[PDB]
>>> print(open('upload_15.cif').read())   # mmCIF, C-alpha atoms and all ligand atoms
data_structure
#
loop_
_atom_site.group_PDB
_atom_site.id
_atom_site.type_symbol
_atom_site.label_atom_id
_atom_site.label_comp_id
_atom_site.auth_asym_id
_atom_site.auth_seq_id
_atom_site.Cartn_x
_atom_site.Cartn_y
_atom_site.Cartn_z
ATOM 1 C CA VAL A 3 81.861 222.026 53.543
ATOM 2 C CA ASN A 4 82.105 221.041 57.225
ATOM 3 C CA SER A 5 79.764 220.966 60.256
ATOM 4 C CA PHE A 6 80.906 224.055 62.411
ATOM 5 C CA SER A 7 78.143 226.575 62.808
ATOM 6 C CA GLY A 8 77.949 230.291 64.077
ATOM 7 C CA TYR A 9 81.640 231.151 63.671
ATOM 8 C CA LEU A 10 82.793 234.479 62.540
ATOM 9 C CA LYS A 11 85.401 234.452 59.804
ATOM 10 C CA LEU A 12 88.616 236.327 60.696
ATOM 11 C CA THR A 13 90.797 235.296 57.733
ATOM 12 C CA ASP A 14 90.867 232.835 54.851
ATOM 13 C CA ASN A 15 91.463 229.985 57.322
ATOM 14 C CA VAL A 16 90.758 231.228 60.911
ATOM 15 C CA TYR A 17 87.247 231.300 62.433
ATOM 16 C CA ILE A 18 86.170 232.279 65.969
ATOM 17 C CA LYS A 19 83.148 231.771 68.232
ATOM 18 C CA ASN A 20 81.975 232.196 71.725
ATOM 19 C CA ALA A 21 81.585 228.568 72.757
ATOM 20 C CA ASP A 22 82.496 225.976 75.362
ATOM 21 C CA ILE A 23 85.014 223.762 73.545
ATOM 22 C CA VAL A 24 83.679 220.720 75.424
ATOM 23 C CA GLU A 25 80.119 221.326 74.222
ATOM 24 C CA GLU A 26 81.293 222.256 70.746
ATOM 25 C CA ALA A 27 83.294 219.141 70.639
ATOM 26 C CA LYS A 28 80.494 216.847 71.779
ATOM 27 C CA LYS A 29 78.240 218.289 69.031
ATOM 28 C CA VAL A 30 80.636 218.396 66.063
ATOM 29 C CA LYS A 31 82.711 215.299 66.878
ATOM 30 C CA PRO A 32 85.460 217.066 64.971
ATOM 31 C CA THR A 33 88.338 215.052 63.578
ATOM 32 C CA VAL A 34 90.729 216.979 65.871
ATOM 33 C CA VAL A 35 90.158 218.895 69.085
ATOM 34 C CA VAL A 36 93.177 220.731 70.503
ATOM 35 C CA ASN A 37 93.940 220.402 74.188
ATOM 36 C CA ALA A 38 95.768 223.179 76.048
ATOM 37 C CA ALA A 39 98.197 220.683 77.543
ATOM 38 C CA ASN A 40 101.238 220.911 79.792
ATOM 39 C CA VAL A 41 104.420 218.878 79.325
ATOM 40 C CA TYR A 42 103.264 216.293 81.860
ATOM 41 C CA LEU A 43 99.773 215.919 80.335
ATOM 42 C CA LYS A 44 98.364 216.559 83.809
ATOM 43 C CA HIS A 45 94.879 217.813 82.925
ATOM 44 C CA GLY A 46 93.964 219.537 86.126
ATOM 45 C CA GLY A 47 92.270 222.752 85.112
ATOM 46 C CA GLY A 48 91.509 225.210 82.391
ATOM 47 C CA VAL A 49 90.644 223.732 79.022
ATOM 48 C CA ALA A 50 92.536 220.521 79.823
ATOM 49 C CA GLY A 51 90.707 219.901 83.074
ATOM 50 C CA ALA A 52 87.376 220.503 81.344
ATOM 51 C CA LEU A 53 88.113 218.285 78.369
ATOM 52 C CA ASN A 54 89.377 215.556 80.671
ATOM 53 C CA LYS A 55 86.320 215.797 82.942
ATOM 54 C CA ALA A 56 84.065 215.416 79.888
ATOM 55 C CA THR A 57 85.879 212.120 79.097
ATOM 56 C CA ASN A 58 85.209 210.797 82.631
ATOM 57 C CA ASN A 59 89.027 210.869 83.213
ATOM 58 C CA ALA A 60 89.763 208.546 80.272
ATOM 59 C CA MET A 61 91.920 211.283 78.739
ATOM 60 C CA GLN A 62 94.066 211.358 81.908
ATOM 61 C CA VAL A 63 94.419 207.554 82.016
ATOM 62 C CA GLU A 64 95.579 207.476 78.391
ATOM 63 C CA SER A 65 97.889 210.446 79.000
ATOM 64 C CA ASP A 66 99.554 208.834 82.015
ATOM 65 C CA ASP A 67 100.358 205.755 79.927
ATOM 66 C CA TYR A 68 101.781 208.025 77.176
ATOM 67 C CA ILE A 69 104.072 209.829 79.645
ATOM 68 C CA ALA A 70 105.186 206.592 81.302
ATOM 69 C CA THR A 71 106.318 205.348 77.863
ATOM 70 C CA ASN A 72 107.631 208.553 76.249
ATOM 71 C CA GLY A 73 108.443 211.086 78.974
ATOM 72 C CA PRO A 74 107.265 214.688 78.965
ATOM 73 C CA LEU A 75 106.530 216.785 75.919
ATOM 74 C CA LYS A 76 108.581 219.855 75.015
ATOM 75 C CA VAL A 77 107.184 223.339 75.522
ATOM 76 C CA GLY A 78 106.055 224.181 71.988
ATOM 77 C CA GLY A 79 105.486 220.492 71.225
ATOM 78 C CA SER A 80 102.503 218.192 70.836
ATOM 79 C CA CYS A 81 101.270 214.642 70.646
ATOM 80 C CA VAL A 82 98.207 213.029 69.051
ATOM 81 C CA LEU A 83 96.085 210.853 71.328
ATOM 82 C CA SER A 84 92.482 209.660 71.307
ATOM 83 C CA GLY A 85 89.633 212.169 71.256
ATOM 84 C CA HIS A 86 87.509 209.776 73.352
ATOM 85 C CA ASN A 87 83.825 210.862 73.273
ATOM 86 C CA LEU A 88 84.688 214.393 72.069
ATOM 87 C CA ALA A 89 86.561 213.960 68.726
ATOM 88 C CA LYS A 90 88.429 211.261 66.686
ATOM 89 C CA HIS A 91 91.722 212.668 67.926
ATOM 90 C CA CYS A 92 92.997 215.072 70.563
ATOM 91 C CA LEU A 93 96.067 217.091 69.639
ATOM 92 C CA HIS A 94 97.690 217.944 72.990
ATOM 93 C CA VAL A 95 99.690 221.143 72.362
ATOM 94 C CA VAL A 96 101.931 222.739 74.976
ATOM 95 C CA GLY A 97 101.932 226.492 74.753
ATOM 96 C CA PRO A 98 104.275 228.418 77.047
ATOM 97 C CA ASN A 99 102.867 229.079 80.526
ATOM 98 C CA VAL A 100 103.685 232.681 81.447
ATOM 99 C CA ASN A 101 102.925 231.839 85.075
ATOM 100 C CA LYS A 102 105.933 229.470 84.877
ATOM 101 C CA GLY A 103 108.220 231.992 83.148
ATOM 102 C CA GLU A 104 108.289 230.208 79.785
ATOM 103 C CA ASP A 105 109.396 232.069 76.668
ATOM 104 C CA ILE A 106 106.418 233.527 74.798
ATOM 105 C CA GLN A 107 108.266 233.113 71.493
ATOM 106 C CA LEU A 108 107.550 229.387 71.902
ATOM 107 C CA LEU A 109 103.937 230.234 71.179
ATOM 108 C CA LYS A 110 104.630 230.299 67.426
ATOM 109 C CA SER A 111 106.225 226.834 67.625
ATOM 110 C CA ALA A 112 103.154 225.604 69.516
ATOM 111 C CA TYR A 113 100.770 226.861 66.816
ATOM 112 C CA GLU A 114 102.940 225.264 64.076
ATOM 113 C CA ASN A 115 101.691 221.879 65.316
ATOM 114 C CA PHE A 116 98.240 222.822 63.996
ATOM 115 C CA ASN A 117 99.573 222.788 60.409
ATOM 116 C CA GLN A 118 99.823 218.982 60.513
ATOM 117 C CA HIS A 119 95.977 218.777 60.537
ATOM 118 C CA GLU A 120 93.606 219.998 57.828
ATOM 119 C CA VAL A 121 90.841 221.116 60.237
ATOM 120 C CA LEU A 122 90.905 221.668 64.006
ATOM 121 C CA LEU A 123 88.675 222.848 66.836
ATOM 122 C CA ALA A 124 90.974 224.661 69.211
ATOM 123 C CA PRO A 125 91.313 227.037 72.111
ATOM 124 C CA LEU A 126 93.648 229.986 72.009
ATOM 125 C CA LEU A 127 97.009 228.598 73.070
ATOM 126 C CA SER A 128 98.610 230.014 76.221
ATOM 127 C CA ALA A 129 95.389 231.938 77.059
ATOM 128 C CA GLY A 130 93.399 231.495 80.262
ATOM 129 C CA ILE A 131 95.409 230.049 83.139
ATOM 130 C CA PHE A 132 98.542 229.913 80.957
ATOM 131 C CA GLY A 133 98.794 233.665 81.428
ATOM 132 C CA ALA A 134 99.420 235.019 77.931
ATOM 133 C CA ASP A 135 97.494 237.880 76.331
ATOM 134 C CA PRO A 136 94.718 236.234 74.254
ATOM 135 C CA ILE A 137 94.821 239.065 71.686
ATOM 136 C CA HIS A 138 98.469 238.177 71.096
ATOM 137 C CA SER A 139 97.683 234.464 70.966
ATOM 138 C CA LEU A 140 95.233 235.338 68.290
ATOM 139 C CA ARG A 141 97.725 237.337 66.212
ATOM 140 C CA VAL A 142 100.292 234.516 66.354
ATOM 141 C CA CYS A 143 97.574 232.002 65.460
ATOM 142 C CA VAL A 144 96.505 234.001 62.397
ATOM 143 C CA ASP A 145 100.119 234.541 61.298
ATOM 144 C CA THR A 146 101.225 230.908 61.855
ATOM 145 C CA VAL A 147 98.383 228.464 61.184
ATOM 146 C CA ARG A 148 97.626 227.801 57.513
ATOM 147 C CA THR A 149 95.105 224.969 57.991
ATOM 148 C CA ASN A 150 91.446 225.551 58.919
ATOM 149 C CA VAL A 151 91.127 226.413 62.594
ATOM 150 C CA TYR A 152 87.879 226.794 64.445
ATOM 151 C CA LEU A 153 88.638 228.669 67.650
ATOM 152 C CA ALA A 154 86.319 228.313 70.636
ATOM 153 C CA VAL A 155 86.470 231.136 73.194
ATOM 154 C CA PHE A 156 84.661 230.330 76.434
ATOM 155 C CA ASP A 157 84.354 233.882 77.804
ATOM 156 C CA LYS A 158 81.825 236.043 75.953
ATOM 157 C CA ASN A 159 83.466 239.272 77.137
ATOM 158 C CA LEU A 160 86.811 238.073 75.812
ATOM 159 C CA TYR A 161 85.293 236.876 72.528
ATOM 160 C CA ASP A 162 83.788 240.308 71.861
ATOM 161 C CA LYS A 163 87.135 241.960 72.659
ATOM 162 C CA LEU A 164 89.072 239.561 70.416
ATOM 163 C CA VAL A 165 86.769 240.535 67.666
ATOM 164 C CA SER A 166 86.570 244.181 68.037
ATOM 165 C CA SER A 167 90.475 244.641 68.389
ATOM 166 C CA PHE A 168 91.324 242.264 65.513
ATOM 167 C CA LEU A 169 93.269 243.657 62.591
HETATM 168 O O1 LIG A 201 88.735 231.030 76.004
HETATM 169 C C1 LIG A 201 89.258 231.529 77.041
HETATM 170 O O2 LIG A 201 88.553 232.213 77.826
HETATM 171 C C2 LIG A 201 90.738 231.317 77.373
HETATM 172 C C3 LIG A 201 90.938 230.051 78.210
HETATM 173 N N1 LIG A 201 90.055 229.156 77.570
HETATM 174 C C4 LIG A 201 89.368 228.197 78.343
HETATM 175 O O3 LIG A 201 89.478 228.132 79.519
HETATM 176 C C5 LIG A 201 88.389 227.419 77.528
HETATM 177 N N2 LIG A 201 88.269 227.616 76.229
HETATM 178 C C6 LIG A 201 87.345 226.963 75.559
HETATM 179 N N3 LIG A 201 86.513 226.145 76.169
HETATM 180 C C7 LIG A 201 86.578 225.938 77.487
HETATM 181 N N4 LIG A 201 85.897 225.187 78.347
HETATM 182 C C8 LIG A 201 86.379 225.360 79.564
HETATM 183 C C9 LIG A 201 87.425 226.253 79.543
HETATM 184 C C10 LIG A 201 87.524 226.605 78.205
HETATM 185 C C11 LIG A 201 92.313 229.427 78.243
HETATM 186 C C12 LIG A 201 92.830 229.087 79.481
HETATM 187 C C13 LIG A 201 94.079 228.511 79.554
HETATM 188 C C14 LIG A 201 94.764 228.279 78.371
HETATM 189 BR BR1 LIG A 201 96.508 227.479 78.342
HETATM 190 C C15 LIG A 201 94.242 228.603 77.145
HETATM 191 C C16 LIG A 201 92.999 229.178 77.071
#
>>> encode(input="upload_15.cif", output="structure tokens", more="lines below")
Ligand SMILES: O=C(O)C[C@@H](NC(=O)c1ncnc2[nH]ccc12)c1ccc(Br)cc1
Amino acid sequence: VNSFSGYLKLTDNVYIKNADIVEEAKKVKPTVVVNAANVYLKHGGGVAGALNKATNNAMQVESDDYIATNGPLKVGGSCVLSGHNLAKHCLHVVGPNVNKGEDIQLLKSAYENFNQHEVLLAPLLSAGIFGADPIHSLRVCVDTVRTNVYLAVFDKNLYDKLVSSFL
């Protein structure tokens, strides 16, 4: 038993809701919240900009130190950093950004990072400003992630569509 509430069950291990991941995070304090990161951990907009804003820019300060030490992530890769006031940990996962021309097949590799964590609150990778089809991101998620994933979908109209087209 865990503390997520109002999610619809899509599969044995994937759940979905219409929620603001920032607000869901501040209420659940999940062990892991997933950031929709880029390779530079520059959290300017989308989910990343919102999560970072909710941390009063502490996420960005920590991220800049990480990059200065380690260099950029790989597309499809991830790193674990602090969750600040939102979670114990933030898993920064880089899905491919279609608006940069990155290979959508890397989306499966991105979701594989979720399997290193028993339970996660996450957005749909490569959705939103990353330019991928969220219905596809959902199919890859379901077919790749084996751990328990609680997906927060900000847009109500999209949430209803994700639901009604799901197989
Ligand atoms: O859910 C959606 O509409 C898709 C969109 N999501 C979010 O912008 C999101 N999601 C959850 N909480 C949030 N608070 C604020 C934004 C937000 C998205 C955009 C870019 C990438 Br890359 C991946 C996903």
>>> closest_residue(input="upload_15.cif", among="A:16, A:10, A:123, A:27", to="residue 146 (chain A)", atoms="only C-alpha atoms")
A:16
>>> closest_residue(input="upload_15.cif", among="A:160, A:109, A:69, A:100", to="residue 134 (chain A)", atoms="all atoms listed in the file")
A:100
>>> closest_residue(input="upload_15.cif", among="A:12, A:144, A:24, A:30", to="ligand LIG 201 (chain A)", atoms="only C-alpha atoms and all ligand atoms")
A:24
>>> closest_atom_pairs(input="upload_15.cif", of="chain A", to="ligand LIG 201 (chain A)", cutoff="9 Å", atoms="only C-alpha atoms and all ligand atoms", output="tab-separated table")
residue	atom	partner	partner_atom	distance
A:20	CA	A:LIG201	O1	8.1
A:21	CA	A:LIG201	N3	6.5
A:22	CA	A:LIG201	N3	4.1
A:23	CA	A:LIG201	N3	3.8
A:24	CA	A:LIG201	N4	5.8
A:25	CA	A:LIG201	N4	8.1
A:26	CA	A:LIG201	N3	8.5
A:37	CA	A:LIG201	BR1	8.6
A:38	CA	A:LIG201	BR1	4.9
A:39	CA	A:LIG201	BR1	7.0
A:40	CA	A:LIG201	BR1	8.2
A:47	CA	A:LIG201	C9	8.2
A:48	CA	A:LIG201	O3	4.6
A:49	CA	A:LIG201	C9	4.1
A:50	CA	A:LIG201	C9	7.7
A:51	CA	A:LIG201	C8	7.8
A:52	CA	A:LIG201	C8	5.3
A:53	CA	A:LIG201	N4	7.2
A:96	CA	A:LIG201	BR1	8.0
A:97	CA	A:LIG201	BR1	6.6
A:98	CA	A:LIG201	BR1	7.9
A:99	CA	A:LIG201	BR1	6.9
A:124	CA	A:LIG201	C6	7.7
A:125	CA	A:LIG201	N2	5.2
A:126	CA	A:LIG201	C16	5.2
A:127	CA	A:LIG201	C15	4.9
A:128	CA	A:LIG201	BR1	3.9
A:129	CA	A:LIG201	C15	3.5
A:130	CA	A:LIG201	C12	2.6
A:131	CA	A:LIG201	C13	4.1
A:132	CA	A:LIG201	BR1	4.1
A:133	CA	A:LIG201	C13	7.2
A:134	CA	A:LIG201	BR1	8.1
A:136	CA	A:LIG201	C2	7.1
A:153	CA	A:LIG201	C6	8.2
A:154	CA	A:LIG201	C6	5.2
A:155	CA	A:LIG201	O1	3.6
A:156	CA	A:LIG201	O1	4.2
A:157	CA	A:LIG201	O2	4.5
A:158	CA	A:LIG201	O2	8.0
A:159	CA	A:LIG201	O2	8.7
A:160	CA	A:LIG201	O2	6.4
A:161	CA	A:LIG201	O1	7.6
>>> resolve_selection(input="upload_15.cif", expression="the PyMOL selection byres (((chain A and resi 84) around 10) and not hetatm)", output="list in words")
residues 34, 35, 60, 61, 64, 65, 82, 83, 85, 86, 87, 88, 89, 90, 91, 92, 93 and 94 of chain A
>>> write_last_selection(input="upload_15.cif", atoms="C-alpha atoms", output="PDB file, in the frame of the given file")
ATOM      1  CA  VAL A  34      90.729 216.979  65.871  1.00  0.00           C
ATOM      2  CA  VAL A  35      90.158 218.895  69.085  1.00  0.00           C
ATOM      3  CA  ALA A  60      89.763 208.546  80.272  1.00  0.00           C
ATOM      4  CA  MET A  61      91.920 211.283  78.739  1.00  0.00           C
ATOM      5  CA  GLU A  64      95.579 207.476  78.391  1.00  0.00           C
ATOM      6  CA  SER A  65      97.889 210.446  79.000  1.00  0.00           C
ATOM      7  CA  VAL A  82      98.207 213.029  69.051  1.00  0.00           C
ATOM      8  CA  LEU A  83      96.085 210.853  71.328  1.00  0.00           C
ATOM      9  CA  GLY A  85      89.633 212.169  71.256  1.00  0.00           C
ATOM     10  CA  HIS A  86      87.509 209.776  73.352  1.00  0.00           C
ATOM     11  CA  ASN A  87      83.825 210.862  73.273  1.00  0.00           C
ATOM     12  CA  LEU A  88      84.688 214.393  72.069  1.00  0.00           C
ATOM     13  CA  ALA A  89      86.561 213.960  68.726  1.00  0.00           C
ATOM     14  CA  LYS A  90      88.429 211.261  66.686  1.00  0.00           C
ATOM     15  CA  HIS A  91      91.722 212.668  67.926  1.00  0.00           C
ATOM     16  CA  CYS A  92      92.997 215.072  70.563  1.00  0.00           C
ATOM     17  CA  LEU A  93      96.067 217.091  69.639  1.00  0.00           C
ATOM     18  CA  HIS A  94      97.690 217.944  72.990  1.00  0.00           C
TER      19      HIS A  94
END
>>> axis_aligned_box(input="upload_15.cif", around="region 147-153 of chain A", padding_each_side="5 Å", output="JSON")
{"center_x": 93.1, "center_y": 226.8, "center_z": 62.6, "size_x": 20.5, "size_y": 13.7, "size_z": 20.1}
>>> atom_distance(input="upload_15.cif", atom1="CA of residue 44 (chain A)", atom2="CA of residue 68 (chain A)")
11.3 Å
>>> closest_residue(input="upload_15.cif", among="A:72, A:118, A:5, A:101", to="residue 32 (chain A)", atoms="all atoms listed in the file")
A:5
>>> atom_distance(input="upload_15.cif", atom1="CA of residue 149 (chain A)", atom2="CA of residue 8 (chain A)")
19.0 Å
>>> closest_residue(input="upload_15.cif", among="A:151, A:62, A:105, A:137", to="residue 166 (chain A)", atoms="all atoms listed in the file")
A:137
>>> atom_distance(input="upload_15.cif", atom1="CA of residue 45 (chain A)", atom2="CA of residue 150 (chain A)")
25.5 Å
>>> resolve_selection(input="upload_15.cif", expression="the PyMOL selection byres (((chain A and resi 80) around 6) and not hetatm)", output="JSON, numbers by chain")
{"A": [79, 81, 94, 95]}
>>> closest_residue(input="upload_15.cif", among="A:121, A:3, A:36, A:18", to="residue 140 (chain A)", atoms="only C-alpha atoms")
A:18
>>> resolve_selection(input="upload_15.cif", expression="the PyMOL selection byres (((chain A and resi 147) around 7) and not hetatm)", output="PyMOL selection string")
chain A and resi 113-114+116-117+143-146+148-149
>>> write_last_selection(input="upload_15.cif", atoms="C-alpha atoms", output="JSON list (two decimals), in the frame of the given file")
[["chain", "number", "residue", "atom", "x", "y", "z"],
["A", 113, "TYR", "CA", 100.77, 226.86, 66.82],
["A", 114, "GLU", "CA", 102.94, 225.26, 64.08],
["A", 116, "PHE", "CA", 98.24, 222.82, 64.00],
["A", 117, "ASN", "CA", 99.57, 222.79, 60.41],
["A", 143, "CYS", "CA", 97.57, 232.00, 65.46],
["A", 144, "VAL", "CA", 96.50, 234.00, 62.40],
["A", 145, "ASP", "CA", 100.12, 234.54, 61.30],
["A", 146, "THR", "CA", 101.22, 230.91, 61.86],
["A", 148, "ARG", "CA", 97.63, 227.80, 57.51],
["A", 149, "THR", "CA", 95.10, 224.97, 57.99]]
>>> build_atoms(input="upload_15.cif", residues="region 108-133 of chain A", atoms="N, CA, C and O atoms", output="PDB file, in the coordinates of the input")
ATOM      1  N   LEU A 108     107.917 230.776  72.143  1.00  0.00           N
ATOM      2  CA  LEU A 108     107.550 229.387  71.902  1.00  0.00           C
ATOM      3  C   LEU A 108     106.107 229.239  71.485  1.00  0.00           C
ATOM      4  O   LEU A 108     105.709 228.161  71.036  1.00  0.00           O
ATOM      5  N   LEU A 109     105.330 230.307  71.592  1.00  0.00           N
ATOM      6  CA  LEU A 109     103.937 230.234  71.179  1.00  0.00           C
ATOM      7  C   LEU A 109     103.816 229.974  69.676  1.00  0.00           C
ATOM      8  O   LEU A 109     102.942 229.222  69.238  1.00  0.00           O
ATOM      9  N   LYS A 110     104.696 230.566  68.863  1.00  0.00           N
ATOM     10  CA  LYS A 110     104.630 230.299  67.426  1.00  0.00           C
ATOM     11  C   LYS A 110     104.906 228.827  67.139  1.00  0.00           C
ATOM     12  O   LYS A 110     104.187 228.196  66.356  1.00  0.00           O
ATOM     13  N   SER A 111     105.932 228.260  67.786  1.00  0.00           N
ATOM     14  CA  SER A 111     106.225 226.834  67.625  1.00  0.00           C
ATOM     15  C   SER A 111     105.023 225.979  68.006  1.00  0.00           C
ATOM     16  O   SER A 111     104.705 224.996  67.329  1.00  0.00           O
ATOM     17  N   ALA A 112     104.339 226.344  69.092  1.00  0.00           N
ATOM     18  CA  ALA A 112     103.154 225.604  69.516  1.00  0.00           C
ATOM     19  C   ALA A 112     102.087 225.606  68.427  1.00  0.00           C
ATOM     20  O   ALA A 112     101.516 224.562  68.097  1.00  0.00           O
ATOM     21  N   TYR A 113     101.782 226.785  67.873  1.00  0.00           N
ATOM     22  CA  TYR A 113     100.770 226.861  66.816  1.00  0.00           C
ATOM     23  C   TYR A 113     101.193 226.126  65.538  1.00  0.00           C
ATOM     24  O   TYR A 113     100.328 225.658  64.791  1.00  0.00           O
ATOM     25  N   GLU A 114     102.503 225.989  65.272  1.00  0.00           N
ATOM     26  CA  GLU A 114     102.940 225.264  64.076  1.00  0.00           C
ATOM     27  C   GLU A 114     102.431 223.825  64.082  1.00  0.00           C
ATOM     28  O   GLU A 114     102.215 223.238  63.016  1.00  0.00           O
ATOM     29  N   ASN A 115     102.215 223.243  65.265  1.00  0.00           N
ATOM     30  CA  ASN A 115     101.691 221.879  65.316  1.00  0.00           C
ATOM     31  C   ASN A 115     100.336 221.781  64.621  1.00  0.00           C
ATOM     32  O   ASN A 115      99.978 220.726  64.089  1.00  0.00           O
ATOM     33  N   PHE A 116      99.567 222.873  64.610  1.00  0.00           N
ATOM     34  CA  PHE A 116      98.240 222.822  63.996  1.00  0.00           C
ATOM     35  C   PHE A 116      98.336 222.547  62.491  1.00  0.00           C
ATOM     36  O   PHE A 116      97.381 222.042  61.882  1.00  0.00           O
ATOM     37  N   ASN A 117      99.452 222.923  61.861  1.00  0.00           N
ATOM     38  CA  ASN A 117      99.573 222.788  60.409  1.00  0.00           C
ATOM     39  C   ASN A 117      99.643 221.343  59.954  1.00  0.00           C
ATOM     40  O   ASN A 117      99.553 221.090  58.751  1.00  0.00           O
ATOM     41  N   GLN A 118      99.816 220.392  60.870  1.00  0.00           N
ATOM     42  CA  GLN A 118      99.823 218.982  60.513  1.00  0.00           C
ATOM     43  C   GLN A 118      98.414 218.400  60.386  1.00  0.00           C
ATOM     44  O   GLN A 118      98.274 217.201  60.129  1.00  0.00           O
ATOM     45  N   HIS A 119      97.371 219.219  60.555  1.00  0.00           N
ATOM     46  CA  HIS A 119      95.977 218.777  60.537  1.00  0.00           C
ATOM     47  C   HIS A 119      95.153 219.730  59.691  1.00  0.00           C
ATOM     48  O   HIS A 119      95.250 220.951  59.853  1.00  0.00           O
ATOM     49  N   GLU A 120      94.337 219.172  58.795  1.00  0.00           N
ATOM     50  CA  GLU A 120      93.606 219.998  57.828  1.00  0.00           C
ATOM     51  C   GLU A 120      92.566 220.893  58.493  1.00  0.00           C
ATOM     52  O   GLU A 120      92.321 222.011  58.022  1.00  0.00           O
ATOM     53  N   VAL A 121      91.900 220.393  59.530  1.00  0.00           N
ATOM     54  CA  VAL A 121      90.841 221.116  60.237  1.00  0.00           C
ATOM     55  C   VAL A 121      90.944 220.815  61.726  1.00  0.00           C
ATOM     56  O   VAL A 121      91.078 219.653  62.121  1.00  0.00           O
ATOM     57  N   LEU A 122      90.833 221.851  62.560  1.00  0.00           N
ATOM     58  CA  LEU A 122      90.905 221.668  64.006  1.00  0.00           C
ATOM     59  C   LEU A 122      89.912 222.573  64.718  1.00  0.00           C
ATOM     60  O   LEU A 122      89.674 223.711  64.300  1.00  0.00           O
ATOM     61  N   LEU A 123      89.359 222.057  65.813  1.00  0.00           N
ATOM     62  CA  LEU A 123      88.675 222.848  66.836  1.00  0.00           C
ATOM     63  C   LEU A 123      89.672 223.117  67.948  1.00  0.00           C
ATOM     64  O   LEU A 123      90.289 222.175  68.451  1.00  0.00           O
ATOM     65  N   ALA A 124      89.874 224.383  68.309  1.00  0.00           N
ATOM     66  CA  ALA A 124      90.974 224.661  69.211  1.00  0.00           C
ATOM     67  C   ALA A 124      90.659 225.819  70.140  1.00  0.00           C
ATOM     68  O   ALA A 124      89.853 226.700  69.812  1.00  0.00           O
ATOM     69  N   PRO A 125      91.294 225.840  71.291  1.00  0.00           N
ATOM     70  CA  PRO A 125      91.313 227.037  72.111  1.00  0.00           C
ATOM     71  C   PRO A 125      92.505 227.893  71.704  1.00  0.00           C
ATOM     72  O   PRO A 125      93.394 227.470  70.962  1.00  0.00           O
ATOM     73  N   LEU A 126      92.494 229.121  72.181  1.00  0.00           N
ATOM     74  CA  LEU A 126      93.648 229.986  72.009  1.00  0.00           C
ATOM     75  C   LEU A 126      94.780 229.524  72.917  1.00  0.00           C
ATOM     76  O   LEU A 126      94.650 229.517  74.144  1.00  0.00           O
ATOM     77  N   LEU A 127      95.894 229.135  72.308  1.00  0.00           N
ATOM     78  CA  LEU A 127      97.009 228.598  73.070  1.00  0.00           C
ATOM     79  C   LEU A 127      97.603 229.652  73.989  1.00  0.00           C
ATOM     80  O   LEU A 127      97.715 230.832  73.638  1.00  0.00           O
ATOM     81  N   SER A 128      97.995 229.204  75.177  1.00  0.00           N
ATOM     82  CA  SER A 128      98.610 230.014  76.221  1.00  0.00           C
ATOM     83  C   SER A 128      97.664 231.054  76.830  1.00  0.00           C
ATOM     84  O   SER A 128      98.104 231.851  77.667  1.00  0.00           O
ATOM     85  N   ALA A 129      96.375 231.051  76.458  1.00  0.00           N
ATOM     86  CA  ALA A 129      95.389 231.938  77.059  1.00  0.00           C
ATOM     87  C   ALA A 129      94.961 231.399  78.416  1.00  0.00           C
ATOM     88  O   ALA A 129      95.547 230.453  78.938  1.00  0.00           O
ATOM     89  N   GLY A 130      93.955 232.015  79.020  1.00  0.00           N
ATOM     90  CA  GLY A 130      93.399 231.495  80.262  1.00  0.00           C
ATOM     91  C   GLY A 130      94.467 231.397  81.329  1.00  0.00           C
ATOM     92  O   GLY A 130      95.278 232.318  81.519  1.00  0.00           O
ATOM     93  N   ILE A 131      94.477 230.256  82.031  1.00  0.00           N
ATOM     94  CA  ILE A 131      95.409 230.049  83.139  1.00  0.00           C
ATOM     95  C   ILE A 131      96.869 229.975  82.706  1.00  0.00           C
ATOM     96  O   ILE A 131      97.761 229.997  83.568  1.00  0.00           O
ATOM     97  N   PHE A 132      97.151 229.888  81.403  1.00  0.00           N
ATOM     98  CA  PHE A 132      98.542 229.913  80.957  1.00  0.00           C
ATOM     99  C   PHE A 132      99.124 231.326  80.944  1.00  0.00           C
ATOM    100  O   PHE A 132     100.344 231.484  80.806  1.00  0.00           O
ATOM    101  N   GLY A 133      98.289 232.356  81.090  1.00  0.00           N
ATOM    102  CA  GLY A 133      98.794 233.665  81.428  1.00  0.00           C
ATOM    103  C   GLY A 133      99.196 234.577  80.286  1.00  0.00           C
ATOM    104  O   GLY A 133      99.616 235.719  80.552  1.00  0.00           O
TER     105      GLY A 133
END
